[PDB]
RNA sequence: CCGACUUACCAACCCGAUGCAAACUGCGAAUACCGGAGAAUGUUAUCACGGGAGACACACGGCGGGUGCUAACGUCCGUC
RNA sequence: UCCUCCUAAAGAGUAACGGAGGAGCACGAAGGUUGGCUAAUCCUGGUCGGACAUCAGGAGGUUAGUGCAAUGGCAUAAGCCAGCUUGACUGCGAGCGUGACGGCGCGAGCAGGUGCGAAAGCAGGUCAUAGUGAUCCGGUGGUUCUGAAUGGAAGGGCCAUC
RNA sequence: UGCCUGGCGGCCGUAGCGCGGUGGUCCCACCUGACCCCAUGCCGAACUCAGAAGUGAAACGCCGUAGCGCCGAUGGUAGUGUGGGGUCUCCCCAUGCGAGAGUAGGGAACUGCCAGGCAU
RNA sequence: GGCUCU
RNA sequence: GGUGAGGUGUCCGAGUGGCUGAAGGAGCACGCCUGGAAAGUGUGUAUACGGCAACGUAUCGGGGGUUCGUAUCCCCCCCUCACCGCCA
Ligand SMILES: [Mg+2]
Ligand SMILES: [Mg+2]
Ligand SMILES: [Mg+2]
Ligand SMILES: [Mg+2]
Ligand SMILES: [Mg+2]
Ligand SMILES: [Mg+2]
Ligand SMILES: [Mg+2]
Ligand SMILES: [Mg+2]
Ligand SMILES: [Mg+2]
Ligand SMILES: [Mg+2]
Ligand SMILES: [Mg+2]
Ligand SMILES: [Mg+2]
Ligand SMILES: [Mg+2]
Ligand SMILES: [Mg+2]
Ligand SMILES: [Mg+2]
Ligand SMILES: [Mg+2]
Ligand SMILES: [Mg+2]
Ligand SMILES: [Mg+2]
Ligand SMILES: [Mg+2]
Ligand SMILES: [Mg+2]
Ligand SMILES: [Mg+2]
Ligand SMILES: [Mg+2]
Ligand SMILES: [Mg+2]
Ligand SMILES: [Mg+2]
Ligand SMILES: [Mg+2]
Ligand SMILES: [Mg+2]
Ligand SMILES: [Mg+2]
Ligand SMILES: [Zn+2]
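Residue numbers (the entry's author numbering), protein chains in the order written: chain Z, 1 to 66; chain N, 2 to 117; chain L, 1 to 136; chain V, 6 to 85; chain b, 4 to 55; chain F, 2 to 178.
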């Protein structure tokens, strides 16, 4: 790499709400607090639940009984 | 690719010495070894040659592809050229940069007595 | 009327028309109308002989035209002296050597092709003949 | 009466070509070929000018020959 | 013919000069080149002057 | 180089198993990652370019190469030679460390993230994706920016086919779907 | 919106077949031209210098062509 | 007036109120050198981004490019980037080409001094061919060459130049 | 002397492509790392340096293969120099030269110098 | 100040 | 027959390579005043096609062509205007 032209790229710590402590090299300098990491992102549960089509016949039979 | 672009990078100065009628020193550089040979102006026969593939040079060395081996090669080929009476040559870098092992070789041949 | 859509140049030398032809054998169809004489045809002579054989076959079968008029022919106007530039392009011709197959035809019987090509050759200035396909 | 033209022009003939042919003894400096490009190429003892003119650097006979992978035409001076 | 003509005066005190052209619109800064002066037989800085 | 170590220990064993390669050199590997920001509106002013290179220089700690127009087109009112974009090539450890921060931090920070596409491998293993907004990286401060940019990521790998790259990124748990 | 299909309307590229070109050429003559060697022949027929000119309105015929209508005892070039 | 192609008949040359196109400049880098690089177009994928910017891969292999017309050239690139620079040097020039001539052109090498390069080497403007105007007269700088009794000077000469 | 490899040539497609196979002791290649020599109009990608853990995957080399590319007769044809002739916009005769395209067929190069490795 | 037709 | 110039949205009218898919104005449309019309006054304002209008493309007589790009530049076909088409 060249000497002077590049920004400072320093290893810092980024911790998350799921407690995922992760040390990365970054240009931030200070420590980082996250919200979701790849461990705690609802890609493996939430996107599966979040379709939620529901049935029209089951709503109909649900609203009463004959 | 890299071999071909090195040849394209070398084939101008080779044809220039071809029309100059110059007895020419040919350097060839690998990551492990470095080669040298003095070629007649007809381009079809050699006069002297040295390498880090030779036992008499490689056995005195640590690694065949560093600058100290390249200087030992350029010294040996210069001492063989002056033994055979070849004094004035022209250095063909063969598409490499005049830098590092190539420069240390040519500086060794200049120091040992060749004139180029 | 056949005519090139584009040309690299607008005018052309008069040239000559010597030599034998190349399109000699009946390539595509079964029957052919071969030129024996020498000369130049036009788009009018070509289209008139095409109409005469298309009508003589009652649009049955397929007709190829081997030639194409690509040579421009200039003329000077009336009451114009011989200098002052090359004349204006008036019409288009095709140079015809002996042996050139002019037309081809199939899907019809031989006698119908004879009488159709005869009606076409009656529209042409040059002397023609009737030919058939040949193996080799 | 009437007309005109736009096609009256042409330039002067530059007298290019091969001035000395093969097997033809020349003096040093003698022009062999005048040409626009390198339709021919300079071989042994033959220089190429500013306008791609091929001149003899020495004395001797002209040798035409075809060399190279591209089959380019080279002109050389044999010794004499 | 917007490209006017100038002269490159020797800075060796001699009145020797080379003559040349420049575009004074696009190159307002003065031209200075190191050229041979045949009187002194040295390479001397020449400077742009008016062709006069 | 955490993912480079994870490549060298578990991905190579996985792909050698799931492809039955004769040699270990026959395995795919990533080679470079290219980060383009096409800024076609910087012909109006350099400051949009000057700030886009500053943002992309903070993401990956390299000075970006300001790209220019290969030729001139009038539909976009540009001439051949105008700076029209910026790129960064990432190789080596900085490639791996950006690719870690990518798939661990920035991809979860996409608004309405629902997966990637497995239909973006350009027929020859090389994957290309495009992000709408640079704020998904935490390098960018949210108050400090003014313009929502977007960039595109191009992972150039040594996989010959398309599936060998799909399995390679899936070996890096790349969130396809 | 996604699209349905079929269809009596054409068609890029590519492939195969077939022609054309003064200002096309992946080929390429005969002649001509340049240079060298060698006989025989020819009243040096060759070149250089010097004295004196005349001439610079050509024609037709053959061949190769431009133009014109492959018109002209037409016109303009090359060659005999 | 000048340049390019055809006519032009395979050396040169070759006419017409024959067929087609351009020039009357530009560049202090668009020159020199060293080092390096190699296109057009199309296909796929990809944020804004769209037929068409930029990015990544593949086909292709110069169909591109050349400061401008056309032709001939161009990969050892003459095409494209960067570094250092001023050989866009002065005196000469063997030897040839081309013209009726005036003239025009090519040129290795020599002397001096210079630039790049480690060096061999290259460089006496630009890929080449258009980008131009005789003499007289007159102007400017330099030079004791001359200086109408003598010493100067005027004026003239020579060199550069308008 | 044989085999293999590297470098420099000769020659310039009968030498090039394609398809299939094969090679790792050496060589070569990829390959590991880079504070340094040096480098990136960003990037150790390239260039360069220090090396040698791995692999012949790619590349390269070798072998095979007629899908091409290429080469290519013989005969004939076209043209044409000279002389002559005709029905004279074009042809013919005597004689000399003689293509191109195409066909049969060939064809998966040949060779030199030096160095190294393994065999002999 | 002046400003048409029905 | 030739020479030169020109061809601009509804009309006139500017517009000699880069915010010209067009000035400005009139006119057309809509609104207000008016008992109703005008005249005023205010506001707008081309035809097509792709999706859906996200904007895009075309259109300076017609048709080609170049330059990254033409309403402006070159060609043809045309139309019109001016001049000449003479000596015998
Ligand atoms: Mg021809
Ligand atoms: Mg006269
Ligand atoms: Mg006369
Ligand atoms: Mg005459
Ligand atoms: Mg005649
Ligand atoms: Mg005639
Ligand atoms: Mg006559
Ligand atoms: Mg006459
Ligand atoms: Mg005459
Ligand atoms: Mg005659
Ligand atoms: Mg000639
Ligand atoms: Mg001739
Ligand atoms: Mg170079
Ligand atoms: Mg695209
Ligand atoms: Mg140049
Ligand atoms: Mg040039
Ligand atoms: Mg006078
Ligand atoms: Mg006196
Ligand atoms: Mg005196
Ligand atoms: Mg193979
Ligand atoms: Mg490496
Ligand atoms: Mg392999
Ligand atoms: Mg034969
Ligand atoms: Mg043959
Ligand atoms: Mg072969
Ligand atoms: Mg093979
Ligand atoms: Mg427009
Ligand atoms: Zn988390």
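Backbone N, C-alpha and C fix where the C-beta goes; we use that ideal spot for every residue, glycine too.
Next on the checklist: Taking beta-carbon pairs under 7 Å, can you tell me which members of the region 49-63 of chain F lie near chain Z?
Outcome noted: 58, 59, 62 and 63
Checklist entry - CA-CA distance, residue 119 of chain N and residue 79 of chain N? => result Because chain N spans 2 through 117 in this model, residue 119 of chain N falls outside it and cannot be assessed.
Next on the checklist: I'd like the span of the beta strand (DSSP E) that includes residue 24 of chain Z, first residue to last.
Outcome noted: If you number the first chain from 1, residue 24 of chain Z lands on position 24. Element bounds for residue 24 of chain Z: 22-26.
Checklist entry - From N:87, N:76 and N:93, pick the residue whose C-alpha is nearest to that of residue 108 of chain N; which is it? => result Along the second chain, one-based indexing puts residue 108 of chain N at 107. When each option's Cα is compared against that of residue 108 of chain N, the closest is N:76.
Next on the checklist: Taking the straight line between their C-alpha atoms, what separation do you get for residue 13 of chain b and residue 6 of chain b?
Outcome noted: Looking up residue 13 of chain b in the fifth chain gives position 10. Looking up residue 6 of chain b in the fifth chain gives position 3. Taking the straight line joining both Cα atoms gives about 22 Å.
Next on the checklist: Can you pull the chain Z neighbours of residue 179 of chain F, defined as C-beta to C-beta under 9 Å?
Outcome noted: Residue numbering for chain F in the displayed model covers 2 to 178; residue 179 of chain F lies beyond these limits and cannot be assessed.
Checklist entry - Measuring CB to CB, does residue 26 of chain L end up less than 8 Å from residue 104 of chain L? => result By 1-based counting over the third chain, the position of residue 26 of chain L is 26. By 1-based counting over the third chain, the position of residue 104 of chain L is 104. Contact flag set, yes.
Item to check | Alpha-carbon to alpha-carbon, residue 58 of chain Z and residue 52 of chain Z | outcome: Mapped onto the first chain, residue 52 of chain Z falls at position 52. Mapped onto the first chain, residue 58 of chain Z falls at position 58. Near 13 Å, if we compare the C-alpha coordinates of residue 58 of chain Z and residue 52 of chain Z.
Next on the checklist: I'd like the span of the beta strand (DSSP E) that includes residue 27 of chain N, first residue to last.
Outcome noted: Position 26 of the second chain, counted from the start, is the residue given in the question as residue 27 of chain N. Looking at the DSSP string, the run of the beta strand (DSSP E) that includes residue 27 of chain N is 25-30.
Item to check | C-beta contact flag for residue 12 of chain Z and residue 30 of chain Z at 8 Å | outcome: Residue numbering aside, residue 12 of chain Z sits at position 12 when the first chain is read from its first letter. Residue numbering aside, residue 30 of chain Z sits at position 30 when the first chain is read from its first letter. Yes, these two residues count as a Cβ contact at 8 Å.
Next on the checklist: Residues of chain Z with CB closer than 8 Å to the CB of residue 42 of chain F, please, in chain order.
Outcome noted: Walking along the sixth chain from the start, residue 42 of chain F turns up at place 41. What residue 42 of chain F touches in chain Z: nothing, since even the nearest Cβ is about 25 Å away.
Checklist entry - DSSP puts residue 71 of chain L in a beta bridge; with which residues? => result Counting from one through the third chain, the residue named residue 71 of chain L turns up at place 71. Answer by DSSP bridge pairing, in chain order: L:93.
Next on the checklist: Below 8 Å, how does it come out for the region 72-82 of chain L and the region 49-57 of chain L: are there three or more Cβ pairs, yes or no?
Outcome noted: no
Next on the checklist: Considering Cα atoms alone, identify which of b:45, b:27, b:23 and b:16 is closest to residue 54 of chain b.
Outcome noted: Working through the fifth chain from its first residue, we reach residue 54 of chain b at position 51. For residue 54 of chain b, the nearest C-alpha among the options comes from b:23.
Next on the checklist: Going by beta-carbon coordinates alone, are residue 92 of chain V and residue 62 of chain V separated by less than 8 Å?
Outcome noted: In the structure as shown, chain V begins at 6 and stops at 85. Residue 92 of chain V is therefore absent and cannot be evaluated.
Checklist entry - Are the C-beta atoms of residue 21 of chain Z and some chain F residue less than 8 Å apart? => result Translated into positions along the first chain, residue 21 of chain Z becomes position 21. Not one chain F Cβ lies under 8 Å of residue 21 of chain Z.
Checklist entry - Under a CB-based cut-off of 8 Å, is residue 30 of chain F close to chain Z? => result As a working mapping, residue 30 of chain F is identified with position 29 in the sixth chain. Residue contact with chain Z for residue 30 of chain F: absent (no Cβ-Cβ distance below 8 Å to any residue of chain Z).
Item to check | residue 83 of chain F versus residue 36 of chain V - alpha carbon distance | outcome: The sequence position of residue 83 of chain F within the sixth chain is 82, counting from 1. The sequence position of residue 36 of chain V within the fourth chain is 31, counting from 1. Whole-angstrom Cα-Cα distance: 49 Å.
Item to check | Span separating the alpha-carbon of residue 101 of chain L from that of residue 39 of chain L | outcome: The residue given as residue 101 of chain L occupies position 101 in the third chain. The residue given as residue 39 of chain L occupies position 39 in the third chain. Each residue's alpha carbon lies about 13 Å from the other.
Checklist entry - Should residue 40 of chain F be labelled buried (16 or more other beta-carbon atoms within 10 Å of its own) or exposed? => result Position 39 of the sixth chain, counting from 1, holds the residue named residue 40 of chain F. When all chains shown are included, residue 40 of chain F counts as buried.
Next on the checklist: Bridge partners for residue 132 of chain F per DSSP, in chain order?
Outcome noted: Against the sixth chain, residue 132 of chain F aligns to sequence position 131. In the DSSP output, where bridge partners are listed per residue, residue 132 of chain F has F:152.
Next on the checklist: Using only CA atoms, which one of V:23, V:10, V:31 and V:64 lies nearest to residue 40 of chain V?
Outcome noted: Locating residue 40 of chain V in the fourth chain gives position 35, counting from the first residue. The shortest C-alpha separation from residue 40 of chain V is found at V:23.
Next on the checklist: Please report the distance separating the alpha-carbon of residue 69 of chain F from that of residue 133 of chain F.
Outcome noted: Residue mapping note: residue 69 of chain F aligns to position 68 of the sixth chain, counting from 1. Residue mapping note: residue 133 of chain F aligns to position 132 of the sixth chain, counting from 1. Looking at the backbone, the Cα of residue 69 of chain F and that of residue 133 of chain F are separated by about 22 Å.
Next on the checklist: Let's test the definition: count the other Cβ atoms within 10 Å of the Cβ of residue 32 of chain b and tell me whether it reaches 16, buried, or not, exposed.
Outcome noted: As a position in the fifth chain, residue 32 of chain b is number 29, starting the count at 1. With fewer than 16 other Cβ atoms within 10 Å, it is exposed.
Item to check | Residue from V:14, V:83, V:9 and V:43 whose Cα sits closest to the Cα of residue 49 of chain V | outcome: Walking along the fourth chain from the start, residue 49 of chain V turns up at place 44. When the alpha-carbon of residue 49 of chain V is set against those of V:14, V:83, V:9 and V:43, the nearest one is in V:83.
Checklist entry - Looking at the structure shown, is residue 96 of chain F part of a helix, part of a strand, or coil, going by DSSP? => result Residue mapping note: residue 96 of chain F aligns to position 95 of the sixth chain, counting from 1. Correct three-state label for residue 96 of chain F: helix.
Checklist entry - Just how far apart, CA to CA, sit residue 4 of chain b and residue 28 of chain b? => result Taking the first residue of the fifth chain as 1, we reach residue 4 of chain b at position 1. Taking the first residue of the fifth chain as 1, we reach residue 28 of chain b at position 25. Straight-line Cα distance between these residues: approximately 12 Å.
Checklist entry - Using a C-beta cutoff of 8 Å, does residue 11 of chain F count as contacting chain Z? => result Position 10 of the sixth chain, counting from 1, holds the residue named residue 11 of chain F. Not closer than 8 Å to any Cβ of chain Z, the Cβ of residue 11 of chain F fails to qualify, so no.
Item to check | Reduced DSSP secondary structure (H/G/I, E/B, other) of residue 36 of chain b | outcome: For the purposes of this step, residue 36 of chain b is identified with residue 33 of the fifth chain, where counting begins at 1. Residue 36 of chain b: strand per DSSP, three-state reduction.
Checklist entry - Is the beta carbon of residue 121 of chain L sitting closer than 8 Å to the one on residue 20 of chain L? => result For the purposes of this step, residue 121 of chain L is identified with residue 121 of the third chain, where counting begins at 1. For the purposes of this step, residue 20 of chain L is identified with residue 20 of the third chain, where counting begins at 1. Cβ atoms of residue 121 of chain L and residue 20 of chain L: not closer than 8 Å.
Checklist entry - Around the C-beta of residue 31 of chain N, are 16 or more other C-beta atoms found within 10 angstroms, so that it is buried, or is it exposed? => result The residue you call residue 31 of chain N lines up with position 30 of the second chain. Exposed, since its Cβ has fewer than 16 Cβ neighbours within 10 Å.
Item to check | From N:49, N:71 and N:58, residue whose alpha carbon lies closest to that of residue 87 of chain N | outcome: Counting from one through the second chain, the residue named residue 87 of chain N turns up at place 86. Of the listed residues, the one whose Cα sits closest to residue 87 of chain N is N:49.
Item to check | Neighbour flag for residue 24 of chain Z against chain F, beta carbons, 8 Å | outcome: For the purposes of this step, residue 24 of chain Z is taken as residue 24 along the first chain, with counting starting at 1. At least one chain F Cβ lies under 8 Å of residue 24 of chain Z.
Item to check | Buried/exposed call for residue 109 of chain F, threshold 16 Cβ in 10 Å | outcome: Here residue 109 of chain F is taken as the residue at index 108 of the sixth chain, counted from 1. With 16 or more other Cβ atoms within 10 Å, it is buried.
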